[PDB]
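Read the single chain below, which is given as structure tokens and is the form deposited in one PDB entry.
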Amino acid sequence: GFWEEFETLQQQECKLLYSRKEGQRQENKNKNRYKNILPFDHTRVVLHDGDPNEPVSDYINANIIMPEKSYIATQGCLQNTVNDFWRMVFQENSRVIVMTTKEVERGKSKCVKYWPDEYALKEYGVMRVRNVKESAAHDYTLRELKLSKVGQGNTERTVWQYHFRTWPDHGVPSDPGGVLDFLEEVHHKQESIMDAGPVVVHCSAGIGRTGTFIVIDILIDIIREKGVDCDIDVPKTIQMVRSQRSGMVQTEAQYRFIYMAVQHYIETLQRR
């Protein structure tokens, strides 16, 4: 229909109104892993309550992703943004973190370690984190973290870090079963926590693997609500997440993996 075709064209020009100015500020240069991968201003996570000695303390390379449960899509920490990451988790009341990379893959730093070892605690600026217990699953490790603001023990909350460990160094997994099982656990944990904030998801840039995990999670949530017969539109979902953070889902293999994951999920429901 003409209405449909034209509206579709018009929606595609909306992104010309987005800006990425905050991420290009001189003070924020050293807070981006990739100079060309920056958060949209209108969905970026804005950090309040930073060190007043820092001229710019409100910036992290992260965006809120609301399907239209919400998400924060962010890059893996740099050595200098670990304190900022924990400020974000506290402020947003996030209770679940999904780490989709190893710290180092193929000689490259994807994420600086931002958690304490099991049974230890660390202060990251004003934030105190205790690692109470770790559980090693086949494809991932779960770390039960307790996060609080120093001098305010009453603010302590549990943050569950789901660290996916077996994504391959090149390409995507050749079967989606491990990812789906992982995502099912993340889903049940989030739904168990009253007033939990957005689920934090990261990879080195916060777009490729992050986007893949987020898009799969959104689609399987639709299938949970609407059943295996519901309509699914992968391209419209990717367009909706890309309106909130540019570039989500970076490769054709990632794109195919999303399709495979959704179909596998449907078949699991038919088997169970």
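Shifts are known only where both forms have a C-alpha. Heads up: residue numbers just count along the shown sequence, starting at 1. In this text, rigid core is short for the largest set of C-alphas that superpose within 1.5 Å between two forms.
Not pictured, yet referred to below: the form deposited in another entry.
Asks: Once the rigid core is lined up, just say which one of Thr251, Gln12, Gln24, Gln263 has a C-alpha that travels 2 Å or more between the shown form and the other one.
Replies: Everything else stays below 2 Å; the exception is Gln12.
Asks: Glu13 and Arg242: do their C-alpha atoms lie closer or farther in that other deposited form than in the form you see, with a change of 3 Å or more?
Replies: Relative to the displayed form, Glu13 and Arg242 draw closer in that other deposited form - a change of at least 3 Å between their C-alphas.
Asks: Given a CA distance change of at least 3 Å, are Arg44 and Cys14 closer or farther in that other deposited form?
Replies: Between the C-alphas of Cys14 and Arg44, the gap widens in that other deposited form (3 Å or more compared with this form).
Asks: Report the moving segments between the shown form and the other one: consecutive residues, 3 or more per run, each with a CA shift of 2 Å or more after superposition on the core, given in sequence order.
Replies: Run found: 3 to 17, no others.
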